[PDB]
Amino acid sequence: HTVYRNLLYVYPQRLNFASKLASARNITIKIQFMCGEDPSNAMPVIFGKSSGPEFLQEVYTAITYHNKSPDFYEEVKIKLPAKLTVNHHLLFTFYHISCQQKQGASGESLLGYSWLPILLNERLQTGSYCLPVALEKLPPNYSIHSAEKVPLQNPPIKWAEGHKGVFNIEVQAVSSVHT
């Protein structure tokens, strides 16, 4: 089966938290390609590891290199919808293990979110990005703005490290034949 598709490739590269604490290590990142802001708006567009191909609404990754080959890179491959609009965005959810929970629990919990609108200022958002992390939850209409500059919300947004960019990714669109 020879097919041709326009694909988005997303490389989660580095997560540079200043925190020296254990809660800054073993971060899991959930990645989704959204068509809206509701949890039900994750599109089944991420190529899975199995043959088919099988398409996923989310993938989970960890961006550490100590346990990987030196040649390793995480690559999220997405089948772009034929018409991309300002409502489409990458959504990243960060999970960690909070130091000292109730009853000494060690489970994983929500740390925060980041995102990247695929179209912004009438431009496709490819290239290198260093994104901040919003804590707790996301406000309505987050997705039409860059995470670097979101209008004042009520209740107000809180950001990791006082809004510093900490999450490095690379994004590229490639149209090619696949056999």
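Residues numbered from 1 in each chain as written, not as in the entry; some residues may be left out. Heavy atoms only, no water.

- Structure determination for this entry is recorded as X-ray crystallography, at 1.432 Å resolution.

- Under the annotation held in the PDB entry, the protein chain carries the name Dedicator of cytokinesis protein 8 and is attributed to Mus musculus.

## Considerations on the overall build of the protein chain
Here comes step 1: Scanning the protein chain from N- to C-terminus turns up 0 helices and 13 strands.
Here comes step 2: Overall, the protein chain shows an N-to-C arrangement of helices and strands of β-β-β-β-β-β-β-β-β-β-β-β-β.
Here comes step 3: For 179 residues, the compact-globule formula gives about 16 Å, and the C-alpha radius of gyration of the protein chain, at 17 Å, lands near that figure.
Here comes step 4: Summarising its shape, the C-alpha atoms of the protein chain cover approximately 55 × 40 × 30 Å along the three principal directions.
Here comes step 5: Taken over 179 residues, the protein chain has a buried fraction of 38%.
Here comes step 6: Counting every atom, the protein chain has about 10,600 Å² of accessible surface; 51% of that belongs to carbon and sulfur. (Helix = DSSP H or I, 4+ residues; strand = E, 2+ residues; numbered from the N terminus. Rg over C-alpha atoms; globule rule 2.2 N^0.38 Å. Buried < 20%, exposed > 50% of the residue type's maximum accessible area, 1.4 Å probe, protein only. Areas by Shrake-Rupley, 256 points an atom, 1.4 Å probe, with all protein chains shown as cover.)

## A few points about the nonpolar core
Here comes step 1: Judged by nonpolar contacts, the single largest core of 30 residues is most densely connected at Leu8, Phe33, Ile78, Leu90 and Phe92.
Here comes step 2: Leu8 has contacts with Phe33, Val76, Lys77, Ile78, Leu80, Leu90, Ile118, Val171, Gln172 and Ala173, leaving out every residue within four places of it along the chain. (Core = buried A, V, L, I, M, F, W, Y, C linked by side-chain atoms within 4.5 Å. Contact = heavy atoms within 4.5 Å.)

## Quick look at the pairing of strand β13 (residues 167-178)
Here comes step 1: With 12 bridges connecting them, strand β1 (residues 3-15) and β13 associate as antiparallel partners. Each bridged residue has a counterpart across the sheet, and for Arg5 the counterpart in β13 is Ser176. (Pairing = 2+ DSSP bridges.)

## Looking at the environment of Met43
Here comes step 1: Counting through the fold element by element, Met43 comes out in the loop between β2 (28-34) and β3 (46-47).
Here comes step 2: The buried category is assigned to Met43, whose relative accessible area is 17%.
Here comes step 3: The spacing of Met43 and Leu56 is 13 residues in sequence and 7.9 Å in space, taken between C-alpha atoms.
Here comes step 4: Excluding residues within four positions of it along the chain, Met43 makes contact with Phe33, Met34, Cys35, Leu56, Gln57, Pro81 and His88.

## Quick word on the sheet that holds strand β8 (residues 109-117)
Here comes step 1: The strand order β5-β2-β7-β8-β12 describes an open sheet built from 5 strands, whose pairing is antiparallel. Looking at the sheet topology across the chains shown, the edges are occupied by β5 (59-61) and β12 (134-135).
Here comes step 2: With 3 bridges connecting them, β2 and β5 associate as antiparallel partners. Looking at the pairing, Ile31 lines up with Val59 of β5.

## Concerning the pattern of salt bridges
Here comes step 1: Tallied over the entire structure, the rule returns 1 salt bridge.
Here comes step 2: Here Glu136 makes a salt bridge to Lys137, at a shortest N to O gap of 3.6 Å. (Salt bridge = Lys/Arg side-chain N within 4 Å of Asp/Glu carboxyl O.)

## Overview of the packing of aromatic side chains
Here comes step 1: Applying the stated rule across the entire model yields 6 aromatic pairs.
Here comes step 2: Taking 5.1 Å as the distance between ring centres and 75 degrees as the angle between the ring planes, the aromatic pair formed by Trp115 and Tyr142 counts as edge-to-face. Placement of the pair is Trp115 in strand β8 and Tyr142 in the loop between β12 and β13, with a sequence separation of 27 residues. Here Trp115 and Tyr142 have matching classes, each one buried.
Here comes step 3: Of the aromatic side chains, those joined through ring pairs into one cluster are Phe92, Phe94 and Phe167.
Here comes step 4: One residue, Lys68, lies across the ring of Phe72, its end atom 5.2 Å from the ring centre.
Here comes step 5: In this structure, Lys79 packs its charged tip against the face of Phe55, placed 3.9 Å from the ring centre. (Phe/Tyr/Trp six-rings, centres within 6.5 Å; stacked < 30°, edge-to-face > 60°. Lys NZ or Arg CZ within 6 Å of the ring centre and 35° of its normal.)

## A few points about unusual backbone geometry
Here comes step 1: Across the junction of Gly52 and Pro53, the peptide omega takes the value 0 degrees, indicating a cis bond.
Here comes step 2: Within the secondary structure, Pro53 is located in the loop between β3 and β4 (55-56).
Here comes step 3: Cis geometry marks the peptide bond from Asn154 to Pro155; its omega dihedral reads 5 degrees.
Here comes step 4: Its place among the elements puts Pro155 in the loop between β12 and β13.
Here comes step 5: You will see that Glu136, though not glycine, has its phi angle at about 80 degrees, which is positive.

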